[PDB]
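**Q** File start.cif follows (mmCIF, N, CA and C atoms):
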```cif
data_work
loop_
_atom_site.group_PDB
_atom_site.id
_atom_site.type_symbol
_atom_site.label_atom_id
_atom_site.label_comp_id
_atom_site.auth_asym_id
_atom_site.auth_seq_id
_atom_site.Cartn_x
_atom_site.Cartn_y
_atom_site.Cartn_z
ATOM 1 N N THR A 1 5.216 -13.974 -2.610
ATOM 2 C CA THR A 1 4.685 -12.618 -2.522
ATOM 3 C C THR A 1 5.055 -11.964 -1.176
ATOM 4 N N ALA A 2 6.325 -11.541 -1.063
ATOM 5 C CA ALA A 2 6.980 -10.965 0.120
ATOM 6 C C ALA A 2 6.493 -9.542 0.458
ATOM 7 N N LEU A 3 5.422 -9.204 -0.265
ATOM 8 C CA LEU A 3 4.702 -7.939 -0.108
ATOM 9 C C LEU A 3 4.145 -7.800 1.308
ATOM 10 N N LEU A 4 3.590 -8.893 1.832
ATOM 11 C CA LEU A 4 2.993 -8.933 3.159
ATOM 12 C C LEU A 4 3.990 -8.726 4.288
ATOM 13 N N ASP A 5 5.227 -9.152 4.099
ATOM 14 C CA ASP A 5 6.247 -8.961 5.116
ATOM 15 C C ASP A 5 6.565 -7.489 5.371
ATOM 16 N N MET A 6 6.277 -6.604 4.419
ATOM 17 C CA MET A 6 6.582 -5.173 4.546
ATOM 18 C C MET A 6 5.438 -4.417 5.173
ATOM 19 N N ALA A 7 4.278 -4.608 4.547
ATOM 20 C CA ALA A 7 3.027 -4.069 5.060
ATOM 21 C C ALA A 7 2.867 -4.385 6.535
ATOM 22 N N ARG A 8 3.304 -5.573 6.952
ATOM 23 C CA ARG A 8 3.243 -5.903 8.368
ATOM 24 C C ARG A 8 4.102 -4.958 9.217
ATOM 25 N N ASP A 9 5.299 -4.597 8.754
ATOM 26 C CA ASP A 9 6.107 -3.655 9.532
ATOM 27 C C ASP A 9 5.474 -2.266 9.651
ATOM 28 N N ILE A 10 4.631 -1.847 8.711
ATOM 29 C CA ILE A 10 4.064 -0.500 8.817
ATOM 30 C C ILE A 10 2.918 -0.466 9.826
ATOM 31 N N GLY A 11 1.932 -1.356 9.689
ATOM 32 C CA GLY A 11 0.746 -1.307 10.537
ATOM 33 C C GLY A 11 0.119 -2.610 11.017
ATOM 34 N N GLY A 12 0.942 -3.650 11.154
ATOM 35 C CA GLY A 12 0.569 -4.933 11.719
ATOM 36 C C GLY A 12 -0.485 -5.724 10.964
ATOM 37 N N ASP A 13 -1.272 -6.492 11.733
ATOM 38 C CA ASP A 13 -2.248 -7.420 11.154
ATOM 39 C C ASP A 13 -3.256 -6.724 10.257
ATOM 40 N N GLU A 14 -3.668 -5.506 10.615
ATOM 41 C CA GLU A 14 -4.674 -4.814 9.813
ATOM 42 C C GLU A 14 -4.141 -4.502 8.420
ATOM 43 N N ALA A 15 -2.912 -3.976 8.339
ATOM 44 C CA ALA A 15 -2.286 -3.679 7.049
ATOM 45 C C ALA A 15 -2.118 -4.924 6.179
ATOM 46 N N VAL A 16 -1.673 -6.043 6.764
ATOM 47 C CA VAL A 16 -1.546 -7.292 6.008
ATOM 48 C C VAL A 16 -2.883 -7.772 5.459
ATOM 49 N N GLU A 17 -3.952 -7.585 6.225
ATOM 50 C CA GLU A 17 -5.282 -7.949 5.753
ATOM 51 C C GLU A 17 -5.727 -7.091 4.574
ATOM 52 N N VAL A 18 -5.432 -5.784 4.619
ATOM 53 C CA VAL A 18 -5.862 -4.851 3.577
ATOM 54 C C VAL A 18 -5.190 -5.181 2.248
ATOM 55 N N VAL A 19 -3.879 -5.454 2.275
ATOM 56 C CA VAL A 19 -3.153 -5.791 1.048
ATOM 57 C C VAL A 19 -3.656 -7.118 0.483
ATOM 58 N N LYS A 20 -3.820 -8.132 1.346
ATOM 59 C CA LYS A 20 -4.320 -9.418 0.875
ATOM 60 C C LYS A 20 -5.706 -9.288 0.233
ATOM 61 N N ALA A 21 -6.598 -8.474 0.814
ATOM 62 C CA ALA A 21 -7.922 -8.342 0.213
ATOM 63 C C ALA A 21 -7.839 -7.531 -1.075
ATOM 64 N N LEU A 22 -6.985 -6.492 -1.090
ATOM 65 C CA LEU A 22 -6.772 -5.687 -2.294
ATOM 66 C C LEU A 22 -6.121 -6.566 -3.360
ATOM 67 N N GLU A 23 -5.186 -7.429 -2.940
ATOM 68 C CA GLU A 23 -4.551 -8.358 -3.869
ATOM 69 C C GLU A 23 -5.595 -9.322 -4.411
ATOM 70 N N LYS A 24 -6.515 -9.783 -3.549
ATOM 71 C CA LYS A 24 -7.540 -10.714 -4.013
ATOM 72 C C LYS A 24 -8.488 -10.045 -5.009
ATOM 73 N N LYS A 25 -8.794 -8.758 -4.806
ATOM 74 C CA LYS A 25 -9.741 -8.047 -5.660
ATOM 75 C C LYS A 25 -9.115 -7.337 -6.846
ATOM 76 N N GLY A 26 -7.817 -7.080 -6.823
ATOM 77 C CA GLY A 26 -7.266 -6.283 -7.893
ATOM 78 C C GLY A 26 -7.387 -4.791 -7.619
ATOM 79 N N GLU A 27 -8.604 -4.237 -7.711
ATOM 80 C CA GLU A 27 -8.872 -2.846 -7.355
ATOM 81 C C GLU A 27 -9.999 -2.728 -6.332
ATOM 82 N N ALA A 28 -9.906 -1.700 -5.483
ATOM 83 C CA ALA A 28 -10.937 -1.416 -4.488
ATOM 84 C C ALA A 28 -10.914 0.068 -4.099
ATOM 85 N N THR A 29 -12.077 0.571 -3.689
ATOM 86 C CA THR A 29 -12.258 1.878 -3.076
ATOM 87 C C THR A 29 -11.966 1.775 -1.590
ATOM 88 N N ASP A 30 -11.833 2.928 -0.937
ATOM 89 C CA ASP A 30 -11.665 2.909 0.511
ATOM 90 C C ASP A 30 -12.816 2.190 1.200
ATOM 91 N N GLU A 31 -14.033 2.491 0.763
ATOM 92 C CA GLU A 31 -15.253 1.947 1.349
ATOM 93 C C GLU A 31 -15.418 0.447 1.098
ATOM 94 N N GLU A 32 -15.094 -0.009 -0.114
ATOM 95 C CA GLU A 32 -15.173 -1.431 -0.435
ATOM 96 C C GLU A 32 -14.265 -2.270 0.453
ATOM 97 N N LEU A 33 -13.063 -1.775 0.745
ATOM 98 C CA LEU A 33 -12.112 -2.533 1.556
ATOM 99 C C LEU A 33 -12.566 -2.603 3.015
ATOM 100 N N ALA A 34 -13.125 -1.497 3.523
ATOM 101 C CA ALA A 34 -13.659 -1.429 4.882
ATOM 102 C C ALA A 34 -14.789 -2.422 5.103
ATOM 103 N N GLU A 35 -15.618 -2.641 4.092
ATOM 104 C CA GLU A 35 -16.685 -3.617 4.249
ATOM 105 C C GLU A 35 -16.128 -5.029 4.229
ATOM 106 N N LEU A 36 -15.195 -5.297 3.316
ATOM 107 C CA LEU A 36 -14.579 -6.617 3.235
ATOM 108 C C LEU A 36 -13.881 -7.003 4.532
ATOM 109 N N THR A 37 -13.203 -6.053 5.159
ATOM 110 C CA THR A 37 -12.305 -6.380 6.251
ATOM 111 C C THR A 37 -12.849 -6.120 7.659
ATOM 112 N N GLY A 38 -13.872 -5.286 7.829
ATOM 113 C CA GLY A 38 -14.292 -4.932 9.176
ATOM 114 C C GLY A 38 -13.457 -3.880 9.881
ATOM 115 N N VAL A 39 -12.617 -3.166 9.161
ATOM 116 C CA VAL A 39 -11.761 -2.123 9.708
ATOM 117 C C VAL A 39 -12.511 -0.824 9.496
ATOM 118 N N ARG A 40 -12.374 0.108 10.428
ATOM 119 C CA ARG A 40 -13.075 1.367 10.254
ATOM 120 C C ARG A 40 -12.564 2.019 8.969
ATOM 121 N N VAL A 41 -13.463 2.681 8.226
ATOM 122 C CA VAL A 41 -13.114 3.225 6.906
ATOM 123 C C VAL A 41 -12.030 4.289 7.043
ATOM 124 N N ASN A 42 -12.035 5.003 8.160
ATOM 125 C CA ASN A 42 -10.986 5.959 8.481
ATOM 126 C C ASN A 42 -9.609 5.295 8.599
ATOM 127 N N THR A 43 -9.538 4.103 9.225
ATOM 128 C CA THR A 43 -8.277 3.356 9.396
ATOM 129 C C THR A 43 -7.728 2.789 8.091
ATOM 130 N N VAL A 44 -8.587 2.221 7.249
ATOM 131 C CA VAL A 44 -8.168 1.763 5.924
ATOM 132 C C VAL A 44 -7.478 2.907 5.162
ATOM 133 N N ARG A 45 -8.018 4.143 5.268
ATOM 134 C CA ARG A 45 -7.469 5.294 4.536
ATOM 135 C C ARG A 45 -6.058 5.604 5.021
ATOM 136 N N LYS A 46 -5.817 5.568 6.335
ATOM 137 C CA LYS A 46 -4.462 5.847 6.797
ATOM 138 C C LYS A 46 -3.510 4.778 6.262
ATOM 139 N N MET A 47 -3.922 3.509 6.329
ATOM 140 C CA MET A 47 -3.188 2.389 5.731
ATOM 141 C C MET A 47 -2.813 2.671 4.300
ATOM 142 N N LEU A 48 -3.836 2.921 3.479
ATOM 143 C CA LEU A 48 -3.605 3.168 2.060
ATOM 144 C C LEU A 48 -2.629 4.330 1.866
ATOM 145 N N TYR A 49 -2.834 5.443 2.592
ATOM 146 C CA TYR A 49 -1.872 6.546 2.517
ATOM 147 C C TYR A 49 -0.509 6.130 3.077
ATOM 148 N N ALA A 50 -0.487 5.253 4.099
ATOM 149 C CA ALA A 50 0.785 4.743 4.614
ATOM 150 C C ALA A 50 1.460 3.866 3.580
ATOM 151 N N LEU A 51 0.664 2.994 2.963
ATOM 152 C CA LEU A 51 1.123 2.152 1.876
ATOM 153 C C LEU A 51 1.569 2.995 0.685
ATOM 154 N N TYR A 52 0.866 4.105 0.415
ATOM 155 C CA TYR A 52 1.255 4.992 -0.685
ATOM 156 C C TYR A 52 2.613 5.648 -0.454
ATOM 157 N N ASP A 53 2.880 6.105 0.772
ATOM 158 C CA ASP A 53 4.197 6.657 1.080
ATOM 159 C C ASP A 53 5.278 5.593 1.157
ATOM 160 N N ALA A 54 4.904 4.354 1.454
ATOM 161 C CA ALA A 54 5.881 3.288 1.414
ATOM 162 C C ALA A 54 6.076 2.761 0.004
ATOM 163 N N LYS A 55 5.431 3.405 -0.959
ATOM 164 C CA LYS A 55 5.459 3.035 -2.365
ATOM 165 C C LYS A 55 5.008 1.595 -2.619
ATOM 166 N N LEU A 56 4.004 1.129 -1.874
ATOM 167 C CA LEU A 56 3.447 -0.190 -2.126
ATOM 168 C C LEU A 56 2.040 -0.123 -2.669
ATOM 169 N N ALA A 57 1.471 1.066 -2.787
ATOM 170 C CA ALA A 57 0.144 1.185 -3.351
ATOM 171 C C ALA A 57 0.144 2.478 -4.138
ATOM 172 N N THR A 58 -0.494 2.454 -5.298
ATOM 173 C CA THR A 58 -0.813 3.623 -6.104
ATOM 174 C C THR A 58 -2.328 3.593 -6.340
ATOM 175 N N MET A 59 -2.806 4.519 -7.174
ATOM 176 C CA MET A 59 -4.231 4.751 -7.414
ATOM 177 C C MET A 59 -4.466 5.413 -8.771
ATOM 178 N N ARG A 60 -5.695 5.321 -9.277
ATOM 179 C CA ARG A 60 -6.188 6.226 -10.304
ATOM 180 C C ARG A 60 -7.484 6.856 -9.811
ATOM 181 N N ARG A 61 -7.701 8.109 -10.199
ATOM 182 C CA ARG A 61 -8.720 8.954 -9.601
ATOM 183 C C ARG A 61 -9.837 9.067 -10.631
ATOM 184 N N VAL A 62 -11.062 8.770 -10.191
ATOM 185 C CA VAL A 62 -12.330 8.848 -10.914
ATOM 186 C C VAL A 62 -13.171 9.903 -10.230
ATOM 187 N N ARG A 63 -14.011 10.578 -11.004
ATOM 188 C CA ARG A 63 -14.815 11.669 -10.478
ATOM 189 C C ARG A 63 -16.235 11.140 -10.327
ATOM 190 N N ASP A 64 -16.734 11.170 -9.087
ATOM 191 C CA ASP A 64 -18.089 10.745 -8.773
ATOM 192 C C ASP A 64 -19.048 11.866 -9.163
ATOM 193 N N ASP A 65 -19.931 11.582 -10.135
ATOM 194 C CA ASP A 65 -20.794 12.584 -10.772
ATOM 195 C C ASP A 65 -22.003 12.979 -9.927
ATOM 196 N N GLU A 66 -22.364 12.176 -8.928
ATOM 197 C CA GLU A 66 -23.424 12.571 -8.006
ATOM 198 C C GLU A 66 -23.009 13.791 -7.187
ATOM 199 N N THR A 67 -21.820 13.739 -6.572
ATOM 200 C CA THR A 67 -21.370 14.743 -5.609
ATOM 201 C C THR A 67 -20.387 15.759 -6.194
ATOM 202 N N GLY A 68 -19.746 15.446 -7.326
ATOM 203 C CA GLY A 68 -18.697 16.262 -7.920
ATOM 204 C C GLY A 68 -17.311 16.072 -7.338
ATOM 205 N N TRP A 69 -17.189 15.301 -6.261
ATOM 206 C CA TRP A 69 -15.949 14.952 -5.582
ATOM 207 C C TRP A 69 -15.277 13.746 -6.241
ATOM 208 N N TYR A 70 -13.988 13.589 -5.959
ATOM 209 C CA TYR A 70 -13.238 12.459 -6.479
ATOM 210 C C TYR A 70 -13.213 11.317 -5.455
ATOM 211 N N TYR A 71 -13.038 10.086 -5.960
ATOM 212 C CA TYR A 71 -12.745 8.912 -5.148
ATOM 213 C C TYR A 71 -11.668 8.101 -5.856
ATOM 214 N N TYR A 72 -10.814 7.456 -5.079
ATOM 215 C CA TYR A 72 -9.652 6.743 -5.595
ATOM 216 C C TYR A 72 -9.934 5.252 -5.693
ATOM 217 N N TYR A 73 -9.460 4.665 -6.782
ATOM 218 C CA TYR A 73 -9.348 3.216 -6.951
ATOM 219 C C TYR A 73 -7.912 2.839 -6.606
ATOM 220 N N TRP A 74 -7.744 2.137 -5.482
ATOM 221 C CA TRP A 74 -6.409 1.744 -5.078
ATOM 222 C C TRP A 74 -6.030 0.472 -5.819
ATOM 223 N N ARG A 75 -4.733 0.287 -5.932
ATOM 224 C CA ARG A 75 -4.145 -0.891 -6.514
ATOM 225 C C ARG A 75 -2.823 -1.094 -5.819
ATOM 226 N N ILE A 76 -2.362 -2.342 -5.793
ATOM 227 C CA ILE A 76 -1.020 -2.524 -5.281
ATOM 228 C C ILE A 76 -0.104 -1.965 -6.359
ATOM 229 N N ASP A 77 0.907 -1.198 -5.962
ATOM 230 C CA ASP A 77 1.776 -0.623 -6.976
ATOM 231 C C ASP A 77 2.851 -1.561 -7.404
ATOM 232 N N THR A 78 2.579 -2.303 -8.461
ATOM 233 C CA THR A 78 3.663 -3.178 -8.754
ATOM 234 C C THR A 78 4.631 -2.497 -9.673
ATOM 235 N N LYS A 79 4.404 -1.224 -10.024
ATOM 236 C CA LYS A 79 5.423 -0.645 -10.878
ATOM 237 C C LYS A 79 6.654 -0.405 -10.033
ATOM 238 N N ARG A 80 6.442 0.100 -8.811
ATOM 239 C CA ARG A 80 7.547 0.319 -7.901
ATOM 240 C C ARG A 80 7.706 -0.793 -6.876
ATOM 241 N N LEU A 81 6.899 -1.855 -6.950
ATOM 242 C CA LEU A 81 7.022 -2.896 -5.933
ATOM 243 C C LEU A 81 8.416 -3.497 -6.013
ATOM 244 N N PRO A 82 8.915 -3.900 -7.197
ATOM 245 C CA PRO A 82 10.266 -4.466 -7.283
ATOM 246 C C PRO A 82 11.352 -3.529 -6.824
ATOM 247 N N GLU A 83 11.194 -2.232 -7.065
ATOM 248 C CA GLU A 83 12.130 -1.229 -6.555
ATOM 249 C C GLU A 83 12.095 -1.153 -5.039
ATOM 250 N N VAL A 84 10.909 -1.276 -4.451
ATOM 251 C CA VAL A 84 10.847 -1.226 -3.001
ATOM 252 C C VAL A 84 11.565 -2.430 -2.426
ATOM 253 N N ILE A 85 11.360 -3.588 -3.060
ATOM 254 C CA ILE A 85 12.000 -4.841 -2.671
ATOM 255 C C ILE A 85 13.502 -4.693 -2.809
ATOM 256 N N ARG A 86 13.919 -4.112 -3.933
ATOM 257 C CA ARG A 86 15.325 -3.963 -4.235
ATOM 258 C C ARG A 86 15.986 -3.045 -3.242
ATOM 259 N N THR A 87 15.283 -1.998 -2.808
ATOM 260 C CA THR A 87 15.877 -1.125 -1.803
ATOM 261 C C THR A 87 16.043 -1.878 -0.479
ATOM 262 N N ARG A 88 15.060 -2.717 -0.117
ATOM 263 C CA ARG A 88 15.145 -3.484 1.129
ATOM 264 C C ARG A 88 16.356 -4.410 1.115
ATOM 265 N N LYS A 89 16.638 -5.046 -0.032
ATOM 266 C CA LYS A 89 17.793 -5.925 -0.105
ATOM 267 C C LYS A 89 19.052 -5.110 0.052
ATOM 268 N N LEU A 90 19.068 -3.925 -0.555
ATOM 269 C CA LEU A 90 20.251 -3.079 -0.530
ATOM 270 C C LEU A 90 20.476 -2.527 0.860
ATOM 271 N N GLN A 91 19.389 -2.196 1.567
ATOM 272 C CA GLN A 91 19.533 -1.727 2.936
ATOM 273 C C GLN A 91 20.072 -2.830 3.840
ATOM 274 N N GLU A 92 19.619 -4.075 3.638
ATOM 275 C CA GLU A 92 20.148 -5.160 4.455
ATOM 276 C C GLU A 92 21.630 -5.414 4.197
ATOM 277 N N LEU A 93 22.044 -5.317 2.946
ATOM 278 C CA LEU A 93 23.447 -5.520 2.628
ATOM 279 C C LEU A 93 24.301 -4.418 3.226
ATOM 280 N N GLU A 94 23.793 -3.198 3.184
ATOM 281 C CA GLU A 94 24.543 -2.082 3.713
ATOM 282 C C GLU A 94 24.674 -2.246 5.228
ATOM 283 N N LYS A 95 23.662 -2.839 5.879
ATOM 284 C CA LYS A 95 23.808 -3.171 7.298
ATOM 285 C C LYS A 95 24.933 -4.169 7.516
ATOM 286 N N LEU A 96 25.089 -5.132 6.605
ATOM 287 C CA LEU A 96 26.187 -6.094 6.713
ATOM 288 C C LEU A 96 27.536 -5.455 6.438
ATOM 289 N N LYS A 97 27.581 -4.502 5.492
ATOM 290 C CA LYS A 97 28.831 -3.837 5.140
ATOM 291 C C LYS A 97 29.439 -3.110 6.332
ATOM 292 N N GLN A 98 28.587 -2.517 7.175
ATOM 293 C CA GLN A 98 29.037 -1.841 8.385
ATOM 294 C C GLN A 98 29.683 -2.820 9.355
ATOM 295 N N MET A 99 29.158 -4.034 9.420
ATOM 296 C CA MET A 99 29.753 -5.062 10.250
ATOM 297 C C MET A 99 31.135 -5.430 9.738
ATOM 298 N N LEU A 100 31.337 -5.529 8.413
ATOM 299 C CA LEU A 100 32.661 -5.938 7.953
ATOM 300 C C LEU A 100 33.723 -4.913 8.302
ATOM 301 N N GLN A 101 33.284 -3.720 8.623
ATOM 302 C CA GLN A 101 33.991 -2.521 9.044
ATOM 303 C C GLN A 101 34.087 -2.421 10.592
ATOM 304 N N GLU A 102 33.455 -3.364 11.328
ATOM 305 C CA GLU A 102 33.381 -3.455 12.808
ATOM 306 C C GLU A 102 34.773 -3.362 13.398
#
```
Would you write the structure of this file as structure tokens?
**A**
Amino acid sequence: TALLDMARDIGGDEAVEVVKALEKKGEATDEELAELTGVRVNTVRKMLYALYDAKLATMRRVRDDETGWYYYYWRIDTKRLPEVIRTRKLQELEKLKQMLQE
């Protein structure tokens, strides 16, 4: 599960912890992950949005009926996880191709 090697490049130990706990749980809210990990709830959100732009996490949106506002259930995005992996392999090869051109 080379997923952790990427998350680490975005936001270090905290990001690796968030993915591992999300991986352990399957799905989690922003607040649920903050309690599990001890990271400020504000920081988990930047992670998740960072992970979302890195295409390693997606979500489905549920509407909280008490407040009328939405909250997200995060998940690791395995639909694009293999594509993200595949791009990383391709980027490394392209780095090698430039060397053969040295």
**Q** Which residues come within 7 Å of residue 44 (chain A), counting only C-alpha atoms, excluding same-chain residues fewer than 4 positions away, as a short mmCIF file (atom, residue, chain, number, x, y, z; two decimals) with N, CA and C atoms, keeping the file's coordinate frame?
**A**
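Produced file selection-v6.cif, reproduced below:
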```
data_model
loop_
_atom_site.label_atom_id
_atom_site.label_comp_id
_atom_site.auth_asym_id
_atom_site.auth_seq_id
_atom_site.Cartn_x
_atom_site.Cartn_y
_atom_site.Cartn_z
N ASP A 30 -11.83 2.93 -0.94
CA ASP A 30 -11.66 2.91 0.51
C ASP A 30 -12.82 2.19 1.20
N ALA A 34 -13.12 -1.50 3.52
CA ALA A 34 -13.66 -1.43 4.88
C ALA A 34 -14.79 -2.42 5.10
N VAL A 39 -12.62 -3.17 9.16
CA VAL A 39 -11.76 -2.12 9.71
C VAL A 39 -12.51 -0.82 9.50
N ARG A 40 -12.37 0.11 10.43
CA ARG A 40 -13.08 1.37 10.25
C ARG A 40 -12.56 2.02 8.97
N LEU A 48 -3.84 2.92 3.48
CA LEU A 48 -3.60 3.17 2.06
C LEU A 48 -2.63 4.33 1.87
#
```
**Q** Output as a ChimeraX atom specification all residues of region 57-98 of chain A that backbone DSSP marks as strand (DSSP E).
**A** /A:57-63,70-76
**Q** Taking the backbone alone, and naming residues the way the document does, which bits of region 44-98 of chain A are helix (DSSP H, G or I) by DSSP, as an MDAnalysis selection string?
**A** chainID A and resid 44:53 81:98
**Q** For the PyMOL selection byres ((chain A and resi 75) around 6.5), applied here, can you spell out every residue it catches as an MDAnalysis selection string?
**A** chainID A and resid 26:28 56:60 73:74 76:78
**Q** Using only the atoms of region 58-67 of chain A listed in the file, plus 6 Å on each side, state the axis-aligned box centre and edge lengths in Å rounded to one decimal, as AutoDock Vina command-line options.
**A**
```
--center_x -12.0 --center_y 9.1 --center_z -8.2 --size_x 34.9 --size_y 25.3 --size_z 17.7
```
**Q** Name all residues at most 12 Å from residue 88 (chain A) (count only C-alpha atoms; drop same-chain ones fewer than 3 positions away) and give them as a list in words.
**A**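 Result of the neighbour search: residues 2, 3, 5, 6, 54, 81, 82, 83, 84, 85, 91, 92, 93, 94 and 95 of chain A.
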**Q** Taking the file above as input, evaluate the PyMOL selection byres (((chain A and resi 47 and name CA) around 12) and name CA) and report the hits as number ranges by chain.
**A** A: 7-19, 22, 30, 33-34, 39-46, 48-57, 74
**Q** Quote the spacing between atom N of residue 62 (chain A) and CA of residue 1 (chain A) in Å to one decimal place.
**A**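 Computed distance, atom N of residue 62 (chain A) to CA of residue 1 (chain A), equals 27.6 Å.
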**Q** So that I can look at just that part, could you write region 26-45 of chain A with N, CA, C and O atoms, as a PDB file, in the first residue's frame?
**A**
```
ATOM      1  N   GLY A  26     -12.233   3.048   6.821  1.00  0.00           N
ATOM      2  CA  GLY A  26     -13.064   3.055   5.640  1.00  0.00           C
ATOM      3  C   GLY A  26     -13.597   4.444   5.322  1.00  0.00           C
ATOM      4  O   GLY A  26     -13.121   5.090   4.381  1.00  0.00           O
ATOM      5  N   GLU A  27     -14.560   4.938   6.113  1.00  0.00           N
ATOM      6  CA  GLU A  27     -15.069   6.301   5.987  1.00  0.00           C
ATOM      7  C   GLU A  27     -14.988   7.062   7.309  1.00  0.00           C
ATOM      8  O   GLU A  27     -15.011   6.465   8.392  1.00  0.00           O
ATOM      9  N   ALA A  28     -14.788   8.379   7.208  1.00  0.00           N
ATOM     10  CA  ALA A  28     -14.750   9.252   8.379  1.00  0.00           C
ATOM     11  C   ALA A  28     -15.122  10.689   7.988  1.00  0.00           C
ATOM     12  O   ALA A  28     -14.878  11.130   6.861  1.00  0.00           O
ATOM     13  N   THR A  29     -15.672  11.422   8.955  1.00  0.00           N
ATOM     14  CA  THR A  29     -15.913  12.855   8.890  1.00  0.00           C
ATOM     15  C   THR A  29     -14.643  13.590   9.282  1.00  0.00           C
ATOM     16  O   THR A  29     -13.697  13.000   9.807  1.00  0.00           O
ATOM     17  N   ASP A  30     -14.618  14.896   9.024  1.00  0.00           N
ATOM     18  CA  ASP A  30     -13.480  15.687   9.475  1.00  0.00           C
ATOM     19  C   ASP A  30     -13.279  15.574  10.979  1.00  0.00           C
ATOM     20  O   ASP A  30     -12.152  15.419  11.467  1.00  0.00           O
ATOM     21  N   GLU A  31     -14.376  15.665  11.721  1.00  0.00           N
ATOM     22  CA  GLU A  31     -14.364  15.641  13.179  1.00  0.00           C
ATOM     23  C   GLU A  31     -13.962  14.280  13.750  1.00  0.00           C
ATOM     24  O   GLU A  31     -13.174  14.206  14.702  1.00  0.00           O
ATOM     25  N   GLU A  32     -14.456  13.195  13.149  1.00  0.00           N
ATOM     26  CA  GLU A  32     -14.093  11.852  13.592  1.00  0.00           C
ATOM     27  C   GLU A  32     -12.597  11.598  13.485  1.00  0.00           C
ATOM     28  O   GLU A  32     -12.004  10.978  14.377  1.00  0.00           O
ATOM     29  N   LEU A  33     -11.966  12.080  12.414  1.00  0.00           N
ATOM     30  CA  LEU A  33     -10.538  11.845  12.211  1.00  0.00           C
ATOM     31  C   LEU A  33      -9.701  12.648  13.209  1.00  0.00           C
ATOM     32  O   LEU A  33      -8.703  12.148  13.746  1.00  0.00           O
ATOM     33  N   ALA A  34     -10.128  13.885  13.491  1.00  0.00           N
ATOM     34  CA  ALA A  34      -9.467  14.750  14.467  1.00  0.00           C
ATOM     35  C   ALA A  34      -9.468  14.145  15.862  1.00  0.00           C
ATOM     36  O   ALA A  34      -8.499  14.294  16.613  1.00  0.00           O
ATOM     37  N   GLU A  35     -10.539  13.455  16.229  1.00  0.00           N
ATOM     38  CA  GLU A  35     -10.560  12.822  17.539  1.00  0.00           C
ATOM     39  C   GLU A  35      -9.646  11.610  17.563  1.00  0.00           C
ATOM     40  O   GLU A  35      -8.897  11.410  18.527  1.00  0.00           O
ATOM     41  N   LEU A  36      -9.684  10.804  16.503  1.00  0.00           N
ATOM     42  CA  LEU A  36      -8.825   9.628  16.422  1.00  0.00           C
ATOM     43  C   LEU A  36      -7.348   9.994  16.496  1.00  0.00           C
ATOM     44  O   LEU A  36      -6.557   9.308  17.153  1.00  0.00           O
ATOM     45  N   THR A  37      -6.960  11.077  15.840  1.00  0.00           N
ATOM     46  CA  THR A  37      -5.550  11.360  15.642  1.00  0.00           C
ATOM     47  C   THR A  37      -4.946  12.412  16.578  1.00  0.00           C
ATOM     48  O   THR A  37      -3.724  12.405  16.771  1.00  0.00           O
ATOM     49  N   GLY A  38      -5.742  13.269  17.211  1.00  0.00           N
ATOM     50  CA  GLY A  38      -5.157  14.354  17.984  1.00  0.00           C
ATOM     51  C   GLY A  38      -4.675  15.554  17.191  1.00  0.00           C
ATOM     52  O   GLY A  38      -3.937  16.387  17.731  1.00  0.00           O
ATOM     53  N   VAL A  39      -5.063  15.669  15.938  1.00  0.00           N
ATOM     54  CA  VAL A  39      -4.679  16.771  15.067  1.00  0.00           C
ATOM     55  C   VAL A  39      -5.811  17.774  15.151  1.00  0.00           C
ATOM     56  O   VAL A  39      -6.972  17.398  15.337  1.00  0.00           O
ATOM     57  N   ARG A  40      -5.486  19.055  15.081  1.00  0.00           N
ATOM     58  CA  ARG A  40      -6.546  20.043  15.153  1.00  0.00           C
ATOM     59  C   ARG A  40      -7.488  19.813  13.971  1.00  0.00           C
ATOM     60  O   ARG A  40      -7.050  19.422  12.886  1.00  0.00           O
ATOM     61  N   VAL A  41      -8.797  20.003  14.192  1.00  0.00           N
ATOM     62  CA  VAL A  41      -9.802  19.677  13.170  1.00  0.00           C
ATOM     63  C   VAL A  41      -9.600  20.545  11.934  1.00  0.00           C
ATOM     64  O   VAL A  41      -9.907  20.140  10.808  1.00  0.00           O
ATOM     65  N   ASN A  42      -9.119  21.765  12.136  1.00  0.00           N
ATOM     66  CA  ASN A  42      -8.756  22.652  11.043  1.00  0.00           C
ATOM     67  C   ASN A  42      -7.640  22.071  10.166  1.00  0.00           C
ATOM     68  O   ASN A  42      -7.706  22.167   8.935  1.00  0.00           O
ATOM     69  N   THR A  43      -6.620  21.442  10.784  1.00  0.00           N
ATOM     70  CA  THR A  43      -5.491  20.831  10.056  1.00  0.00           C
ATOM     71  C   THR A  43      -5.882  19.586   9.268  1.00  0.00           C
ATOM     72  O   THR A  43      -5.386  19.380   8.156  1.00  0.00           O
ATOM     73  N   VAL A  44      -6.691  18.707   9.853  1.00  0.00           N
ATOM     74  CA  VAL A  44      -7.215  17.549   9.126  1.00  0.00           C
ATOM     75  C   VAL A  44      -7.904  18.006   7.830  1.00  0.00           C
ATOM     76  O   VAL A  44      -7.806  17.332   6.791  1.00  0.00           O
ATOM     77  N   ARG A  45      -8.669  19.120   7.888  1.00  0.00           N
ATOM     78  CA  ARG A  45      -9.415  19.610   6.720  1.00  0.00           C
ATOM     79  C   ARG A  45      -8.453  20.033   5.618  1.00  0.00           C
ATOM     80  O   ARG A  45      -8.749  19.839   4.437  1.00  0.00           O
TER      81      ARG A  45
END
```
